[PDB]
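Next up: a single chain in structure tokens, the form deposited in one PDB entry.
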């Protein structure tokens, strides 16, 4: 009947009203996004004389506390990037309003999945993919600084926003599922398509999980389609194996969940448990179209898509997709890679 004295709906969300004034400061314009956490509204900040995005968290304890974690991490980050040069969304301030935690951010545009839809799921150019890659690796370098040691834990196209729909600048959003290296708590993390092998295998994890996700994202940005589109964990592992082969024995031998996906043979080697291409036969070389005109052959006869360019990109991606989190490429070295040698 009544939710939050009439201010909320039956989904724990604030009922947005165009033109409402809050706290003698914000005039709410319109709803511009929503998700599991709540809503995002465009509002005018009359004190600072600028448009802002306000993320209005659901009035529900689990969502509140998720956002409190997010606020703490954003405050830590923003504090160490006062010039806003490391591609993390800027939290301006926060407040509690009518039993909703509200996070005030800079305005941004839509996400990189919306950009892919805008390409009719045919992909962005290799040059634009490179610009996204360079910004993302720079962000991951900042998150790896020791005072931060932040693992985002949910990198996907939907959590990377354009600043402006006609430009390449991005910001990473949604630190609600994030953690710090000193303070890992979650066993179940990462959205499935972008989930690292160490997490699938129930093994220890660190900031390298975010690099795995980035490798997956960058291929998808150029092809238009997810690299590893599993329907469930077993399918996800099998799709990874089609491209990358059986994981190293030294890893599977230490993996609590190895036998969810694999079986250990009499000779000590590992094979898949019993519909899929044989291990390692779905070549990234062919998914990218390195020698055959890029994805779908559609980049044949276009500049900015040579065999040489594609071989650089393939090499970087394979380093991001190293099964071993100890040897998987780290942000500093990703930035030095020949793919970014203009």
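Heads up, when I say rigid core I mean the largest set of C-alphas that superpose within 1.5 Å between the two forms. Residue numbers count along the first chain shown, from 1.
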{"query": "Between neighbours residue 275 and residue 274, residues that the deposited sequence lists but the model omits", "finding": "4 to 9"}
{"query": "Mean C-alpha temperature factor, higher of 132 to 140 and 201 to 209", "finding": "201 to 209"}
{"query": "Segment of higher mean CA temperature factor, 38 to 46 or 303 to 311", "finding": "303 to 311"}
{"query": "Most elevated Cα B-factor in the entry, residues 219, 74, 162, 258", "finding": "258"}
{"query": "Peak C-alpha temperature factor (PDB record), options 171, 156, 152, 250", "finding": "250"}
{"query": "Third of the chain's Cα B-factor distribution that residue 29 belongs to, per the entry", "finding": "middle"}
{"query": "Ranked against its chain, the third holding the CA B-factor of residue 262", "finding": "highest"}
{"query": "Chain thirds of CA B-factor: placement of residue 61", "finding": "middle"}
{"query": "Chain third (lowest, middle, highest) by recorded CA B-factor, residue given as residue 290", "finding": "highest"}
{"query": "Chain-wide C-alpha B factor ranking for residue 182, given as lowest, middle or highest third", "finding": "highest"}
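If you look for the form deposited in another entry, you will not find it shown, but the lines that follow are about it.
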{"property": "Threshold 2 Å Cα movement between the shown form and the other one at residue 231, rigid core reference", "result": "no"}
{"property": "Core superposition between the shown form and the other one, C-alpha change of residue 285 at least 2 Å", "result": "no"}
{"property": "Cα-Cα trend for residue 185 and residue 176, given that in the other form the distance shifts by 3 Å or more", "result": "farther"}
{"property": "Sense of CA distance change between residue 73 and residue 85 in the other form, threshold 3 Å", "result": "closer"}
